[PDB]
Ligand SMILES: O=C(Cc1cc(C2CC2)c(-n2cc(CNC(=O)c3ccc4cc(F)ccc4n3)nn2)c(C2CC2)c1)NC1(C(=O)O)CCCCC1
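What follows is one chain in structure tokens, specifically the form solved without the named molecule.
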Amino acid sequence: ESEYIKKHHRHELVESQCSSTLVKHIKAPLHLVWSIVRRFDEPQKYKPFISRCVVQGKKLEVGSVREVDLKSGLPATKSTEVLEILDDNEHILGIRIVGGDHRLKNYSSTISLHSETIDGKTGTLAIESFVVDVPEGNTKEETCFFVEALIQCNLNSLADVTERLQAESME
């Protein structure tokens, strides 16, 4: 489809890493979906397990760092994450988790957005990939299942939020 887009997505390089790719068809225009996805400073707009986010400054650029508050059901759990890719032409957002109160070490993700027509209606195809270390004591499957579940939830929420925003901008 695109070598350039492909190379920005994630893939396992060693046995102790896990990687997978999930897709979601969203019934909303790409410019609207990207307007939400690109906001590295406001993940909580659609990621259900993030309650708040702190970045320094307001201009998003490669190397921007955020600290997010995770809804883990425990006190004060955080994640520090760096913006690796912010491509406003090809609609690619890439992030790496640098640290936090996590099981997910060396986690990176890429989401890209692409216009798509389904049933004569133009919407957005979201493709999200990740790579992560498999923790000491874990099976690969345990880690992959967990991360795949999280991303599925995030994509389902992205679809719901943006589809609602689209409907609100028709009324």
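Between two forms, the rigid core is defined as the largest C-alpha subset superposing within 1.5 Å. Shifts are known only where both forms have a C-alpha. Heads up: residue numbers just count along the shown sequence, starting at 1.
There is also a form deposited with the named molecule bound; it is not shown, and the following applies to it.
- Steric access to the site is blocked in the shown form: after superposition of the site C-alphas, the named molecule as positioned in the deposited bound form has three or more atoms within 2.4 Å of backbone or C-beta atoms.
- Proximity to the named molecule in the deposited bound form holds for all of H102, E128 and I151, with the criterion being a heavy atom within 4.5 Å.
- Contact with the named molecule in the deposited bound form, judged by any heavy atom within 4.5 Å, is made by just one of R39, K27, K47, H114: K47.
- This chain appears without its partner; in the deposited bound form, the one residue of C53, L32, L60, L70 with a heavy atom within 4.5 Å of the named molecule is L70.
- Though the partner is left out of this view, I97 does reach within 4.5 Å of the named molecule in the deposited bound form, counting heavy atoms only.
- Among heavy atoms of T143, some come within 4.5 Å of the named molecule in the deposited bound form.
- Interface residue remark: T122 is not counted as part of the site for the named molecule in the deposited bound form, having no heavy atom within 4.5 Å.
- The closest non-hydrogen atom of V147 lies within 4.5 Å of the named molecule in the deposited bound form.
- Residues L74, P75, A76, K78, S79, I97, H102, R103, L104 of 72-105 are found to place at least one heavy atom within 4.5 Å of the named molecule in the deposited bound form.
- Fitting the two forms on their rigid core shows CA movement of 2 Å or more between this form and the one not shown over just one run of at least three residues, at 74-76.
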